[PDB]
Amino acid sequence: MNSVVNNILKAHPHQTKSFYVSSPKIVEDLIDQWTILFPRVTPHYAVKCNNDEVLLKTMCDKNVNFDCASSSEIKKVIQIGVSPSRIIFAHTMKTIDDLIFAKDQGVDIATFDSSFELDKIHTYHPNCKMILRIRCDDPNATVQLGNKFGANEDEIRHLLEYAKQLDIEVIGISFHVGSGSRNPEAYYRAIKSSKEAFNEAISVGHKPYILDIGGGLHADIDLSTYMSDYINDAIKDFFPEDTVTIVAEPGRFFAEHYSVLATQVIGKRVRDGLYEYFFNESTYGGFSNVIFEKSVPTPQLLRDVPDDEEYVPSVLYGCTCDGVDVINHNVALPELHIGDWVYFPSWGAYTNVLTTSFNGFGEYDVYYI
Amino acid sequence: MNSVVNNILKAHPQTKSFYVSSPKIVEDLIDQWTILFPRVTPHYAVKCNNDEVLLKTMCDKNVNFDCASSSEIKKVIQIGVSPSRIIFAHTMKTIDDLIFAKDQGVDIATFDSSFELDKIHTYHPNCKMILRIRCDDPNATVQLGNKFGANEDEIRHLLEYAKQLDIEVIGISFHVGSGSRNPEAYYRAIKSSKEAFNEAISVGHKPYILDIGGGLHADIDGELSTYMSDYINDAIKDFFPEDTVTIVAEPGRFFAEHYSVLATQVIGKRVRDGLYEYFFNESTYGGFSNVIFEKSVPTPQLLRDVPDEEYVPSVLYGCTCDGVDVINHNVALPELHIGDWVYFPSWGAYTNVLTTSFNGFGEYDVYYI
Ligand SMILES: Cc1ncc(COP(=O)(O)O)c(CNCCCCNC(=N)N)c1O
Ligand SMILES: Cc1ncc(COP(=O)(O)O)c(CNCCCCNC(=N)N)c1O
């Protein structure tokens, strides 16, 4: 990667904007790994994590399906050439106009966690196949989702009965333990709770057949099987039947390693032995994960330094006016100079999708390799 | 405002959330600025709200501009504003933005580092420089001191370095922090600015500008409070009484805050054990980033008329799949229904400028009144 980025810089000597270097082949290999790690689980890629059109086309061609959060994401996927039959509208709160659009296009599998959402379905998309999302938290997940989404255990039966009353077909149960989960027991407990909800749905008179284990998984490479082995044990313990279809909604598993982000030192200040640098990127650009996921990322220098190069205490600032916009508060690095380029590895998940134009910055290029 | 917004809805039988923006309000505030600060020329901080009608209103009312980047300079230049009315008030500017500023005739900028002076000498040697010193309001909403502004112990060195490079230092600036209600902070900052001003004279510069930065609110109770302006003017009298000194400021929120209201619709609802949870077609990743970055706890105004009606405990959620995305965790309101519109007053400062398209949301309209 150090070589590739350096070659891009030499081939494009007038490069000024920060730039993503994205590799479809990385994602292809990871899709193949998913197939091996989770042989029973059909991935519905969470478009919200990274909606890069080459990434989505790569997914499409590898027979990966899609989790869309809005009508805009549905449109993106359809424009790639994917059948709307391959989309789960996996957001429990959908606008009436988005529901009408989904019905029209052929997106007819969606999630819910409220009676009012069932009312909307009844009126606007009456034959949409529904998946009840239940709350099952991983308390150690990086981004918590439980307060806002998912039915509590005590309303499961009521919601299923209400769906039955409105002639709404409930076809399965989903959960999301939280974004950025490394807790295998959380998935085990979630899958157990899902079987209990599945059994309530059957009791009410539904004929469910889908388990949706949501997202949260990292592709941790040292590729580790701690998460997958235990998830598969839970699938075996609670959903052994070949009549059940299992799906997932991974975002970061595929998107994380898709891209690196290259950025240039544009300003510098050295005070009492502390080396402060300003980059043509920011927490309002590609680095929102510093704010929302507590990321503390270390860059790779593109300039070669000797093995014995002295590291100095460094502060990596974003380019905006704001004091909150600090990429890394403290990191030991070789001394950098205005004009040096660095890159941040594994910068494809919840990075480019969260860009703003705050302060008039936020621009970037994308190179595919 | 309630009838105005209802009128827009009746006139546009409208799906997206929308800003209702009033140039008159800003024109009136400009007239008030001239009364509150008769000696201070405002350079509006474009970053706060870059709406084109707002910028044109500023232009026509003889207000100047504080631009943070080349993109922002472009926005101002393209509406016919003389480059002489722009200060490039960012202490860390890319070489290519300086090149651009030089091309456009933007010939005044701030700095707080020796490396910045190196860049100026090489790329914009005619640029007149304003030294930004660090002077904090510890009670300001958004702190800036950590990241920007020269420390007291380096002021003389920085001025001597500019002199060695044949760079003209024409003044001193500070920013106590964004969202300041501490008059003492400004008094001390202006006192410190006069000390720096005298150091500049001692070194051989001929400074003539004091730039008091931004931070101020237009706090109204239909009369604007002078709690800040009176003491700022007192400090000006004490430390910069000379008519040979030009005083400027870089206000953002003072003019932008009250420029707009943001209307948004209830798109989802869930009532659980007496708690009323609502989902809106807006989010903290759309126009409500101030909930995250400024710890805003905004209360909406209902557009539907209610009888002098029981209030219930309500939670206002944003439309994204993130658990962080909560507009207001707890607010007492009359019961709302899917389809109800509400609006949020004084929603013009750091609101529309910070929109993302995360989850495929973030779209909005703008109506001018
Ligand atoms: C329904 C659904 N499916 C799949 C995923 C996928 O989760 P992942 O960890 O990528 O596999 C998510 C992500 N939940 C909001 C995550 C916000 C993260 N916000 C942020 N600013 N980084 C989701 O809501
Ligand atoms: C040089 C300069 N001038 C004027 C202003 C104007 O400040 P105001 O309070 O609007 O008058 C600012 C705002 N400082 C970064 C503001 C980040 C706020 N961030 C956020 N997420 N809201 C600034 O940096």
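Cut-off values and rules
- Residues numbered from 1 in each chain as written, not as in the entry; some residues may be left out.
- Chains lettered and ligands numbered in written order.
- Heavy atoms only, no water.
- Residues with missing side-chain atoms left out of burial classes, pairs and counts.
- UniProt positions renumbered as here; feature names shortened; annotations may be inferred.
- Helix = DSSP H or I, 4+ residues; strand = E, 2+ residues; numbered from the N terminus.
- Contact = heavy atoms within 4.5 Å.
- Buried < 20%, exposed > 50% of the residue type's maximum accessible area, 1.4 Å probe, protein only.
- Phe/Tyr/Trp six-rings, centres within 6.5 Å; stacked < 30°, edge-to-face > 60°.
- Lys NZ or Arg CZ within 6 Å of the ring centre and 35° of its normal.
- Near = heavy atom within 4 Å.
- Polar contact = N/O pair within 3.5 Å; in protein donor to acceptor, adjacent residues only side chain to side chain.
- Nonpolar A, V, L, I, M, F, W, Y, C, P; charged D, E, K, R; others polar.
- Salt bridge = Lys/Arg side-chain N within 4 Å of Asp/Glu carboxyl O.
- Expected span 1.5 Å × (residues − 1).
- Buried area = accessible area lost by both parts, 1.4 Å probe.
- Domains from an automatic or database assignment.
- Axes fitted to C-alpha atoms, helices over the stretch in contact; angles between N-to-C directions.
- Parallel < 35°, antiparallel > 145°, perpendicular 65-115°, else oblique.
- Left-handed = near helix turned anticlockwise from the far one by under 90°.
- Areas by Shrake-Rupley, 256 points an atom, 1.4 Å probe, with all protein chains shown as cover.

- X-ray crystallography is the method the PDB entry lists for this structure, together with a resolution of 1.800 Å.

## What to know about the UniProt feature "binding site: pyridoxal 5'-phosphate" (unreviewed entry) in chain B
Residue and element names in this part refer to chain B.
Next up, step 1: With numbering aligned to this structure, UniProt lists the feature "binding site: pyridoxal 5'-phosphate" (unreviewed entry) at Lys47, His175, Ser178, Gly179, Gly215, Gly252, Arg253 and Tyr350.
Next up, step 2: Summarising the element assignment, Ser178 is placed in the loop between β7 (169-173) and α8 (183-203).
Next up, step 3: Excluding residues within four positions of it along the chain, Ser178 makes contact with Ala140, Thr141, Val142, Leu144, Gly215, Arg253 and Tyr350.
Next up, step 4: Relative to the helices and strands, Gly252 is located in the loop between β9 (246-249) and α10 (253-256).
Next up, step 5: Assessed through its relative accessible area of 6%, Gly252 is described here as buried.
Next up, step 6: What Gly252 contacts, discounting residues up to four positions off in sequence, is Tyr44, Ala45 and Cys48.

## Brief notes about the environment of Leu223 of chain A
Next up, step 1: Positionally, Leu223 of chain A belongs in the loop between β8 (210-212) and α9 (226-238).
Next up, step 2: Those residues in contact with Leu223 of chain A, other than ones at most four positions away along the chain, are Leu30, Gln33, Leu37 and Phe253 of chain A.

## Some details on the packing of aromatic side chains
Two descriptors summarise a pair of aromatic rings, namely the distance from one centre to the other and the angle between the planes of the rings.
Next up, step 1: Counting across every chain of the model gives 39 aromatic pairs over all chains.
Next up, step 2: Summarising the aromatic geometry, the rings of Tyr188 of chain A and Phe238 of chain A are spaced 5.4 Å apart at their centres and angled 70 degrees between planes, so their arrangement reads as edge-to-face.
Next up, step 3: Look at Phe174 of chain B and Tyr186 of chain B: their rings are 6.3 Å apart centre to centre, the planes differ by 70 degrees, and that puts the pair in the edge-to-face class. Taken together, the positions of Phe174 of chain B in the loop between β7 and α8 and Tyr186 of chain B in helix α8 put the pair 12 residues apart, joining distant regions of the chain.
Next up, step 4: When its relative accessible area of 0% is taken as the criterion, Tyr186 of chain B is described as buried.
Next up, step 5: In this arrangement the basic side chain of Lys75 of chain A is found over the ring face of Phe101 of chain A, its NZ or CZ atom lying 5.2 Å from the centre.
Next up, step 6: Sitting over the face of the ring of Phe239 of chain A, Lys195 of chain A holds its NZ or CZ atom 5.8 Å from the ring centroid.

## Description of the site of ligand 2
Next up, step 1: As a matter of local geometry, ligand 2 sits amid 23 residues, with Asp322 of chain A together with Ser178, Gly215, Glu250 and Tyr350 of chain B nearest to it.
Next up, step 2: More than one chain reaches ligand 2: the nearby residues come from chains A and B.
Next up, step 3: Between an oxygen atom of ligand 2 and a side-chain N or O atom of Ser178 of chain B, the distance comes to 2.7 Å.
Next up, step 4: Taken together, the residues of the shell around ligand 2 sort by class into nine nonpolar, seven polar and seven charged.

## Notes on the pattern of salt bridges
Next up, step 1: Across all of its chains, the model carries 44 salt bridges over all chains by this definition.
Next up, step 2: Among the salt bridges present, the one from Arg157 of chain A reaches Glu161 of chain A, with a minimum N-O distance of 3.1 Å. Pair noted here: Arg157 of chain A and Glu161 of chain A are both in helix α7 (residues 156-165), with a separation of four residues, about one helical turn.
Next up, step 3: Residue class for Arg157 of chain A comes out partly exposed when judged on its relative accessible area of 31%.
Next up, step 4: Among the ionic contacts, a cluster of salt bridges with common partners joins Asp113 and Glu155 of chain A together with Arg270, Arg272 and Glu277 of chain B.

## A word on helix α8 (residues 184-204) of chain A
Residue and element names in this part refer to chain A.
Next up, step 1: The end-to-end C-alpha separation of α8 is 31 Å, in line with the 30 Å expected for 21 residues at 1.5 Å each.
Next up, step 2: When we look at burial in α8, the residues that qualify are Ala186, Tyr187, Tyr188, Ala190, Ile191, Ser194, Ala197, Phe198, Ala201 and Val204.
Next up, step 3: If you follow the buried residues of α8, they end up packed against α7, β7 (170-174), β8 and α9.
Next up, step 4: Directly after α8, the chain includes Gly205, whose backbone phi takes a positive value near 120 degrees.

## Some words on the interface of chain A and chain B
Next up, step 1: Contact residues are listed per partner, giving 58 residues for chain A and 58 residues for chain B.
Next up, step 2: In total, chain A and chain B occlude about 4800 Å² of area from one another, counting both sides; carbon and sulfur atoms represent 62% of this.
Next up, step 3: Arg269 of chain A is paired through a salt bridge with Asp112 of chain B; the nearest N and O atoms lie 3.0 Å apart.
Next up, step 4: At the boundary of chain A and chain B, one finds 27 residue pairs in polar contact.
Next up, step 5: Elements with a minimum of two residues in the side of chain A that touches chain B: α4 (71-80), α5 (96-105), α6 (115-124), β10 (259-271) and α11 (289-292) of chain A.

## Things to note about the domain arrangement of chain B
Residues and elements named next belong to chain B.
Next up, step 1: What the domain assignment reports for chain B is domain 1 (9-23 + 256-366) and domain 2 (24-255).
Next up, step 2: Relative to domain 2, the C-alpha centre of domain 1 lies at a distance of 33 Å.
Next up, step 3: On the domain 2 side, the residues contacting the 14 residues of domain 1 number 24 residues.
Next up, step 4: Interface of domain 1 and domain 2: buried area, both sides summed, is about 1600 Å²; carbon and sulfur atoms make up 51% of it.
Next up, step 5: The interface formed by domain 1 and domain 2 includes one salt bridge.

## Description of the packing of helix α4 (residues 70-77) of chain B against helix α5 (residues 95-104) of chain B
All names here are of chain B.
Next up, step 1: Axis separation between α4 and α5 bottoms out at 9 Å; the angle between their running directions is 20 degrees. Judged by the inter-axis angle, α4 sits roughly parallel to α5. When you trace α4 past α5, the crossing you get is left-handed. The residues of α5 that touch α4, namely those facing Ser70, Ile73, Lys74 and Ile77, are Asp97, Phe100, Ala101 and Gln104.
Next up, step 2: Taken together, the residues that form the contact of α4 with α5 break down as four nonpolar, two polar and two charged.

## A closer look at the site of ligand 1
Next up, step 1: With respect to spatial proximity, 22 residues lie near ligand 1, and among them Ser179, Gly216, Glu249 and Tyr350 of chain A together with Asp322 of chain B are the closest.
Next up, step 2: Mapping the residues near ligand 1 onto chains gives chains A and B.
Next up, step 3: Within the contact set of ligand 1, an oxygen atom lies 3.1 Å away from a side-chain nitrogen or oxygen of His176 of chain A.
Next up, step 4: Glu293 of chain A is positioned such that a nitrogen or oxygen atom in its side chain is 2.8 Å from a nitrogen atom of ligand 1.
Next up, step 5: Protein burial of ligand 1: of its 590 Å² of free accessible surface, 99% is covered by the chains.

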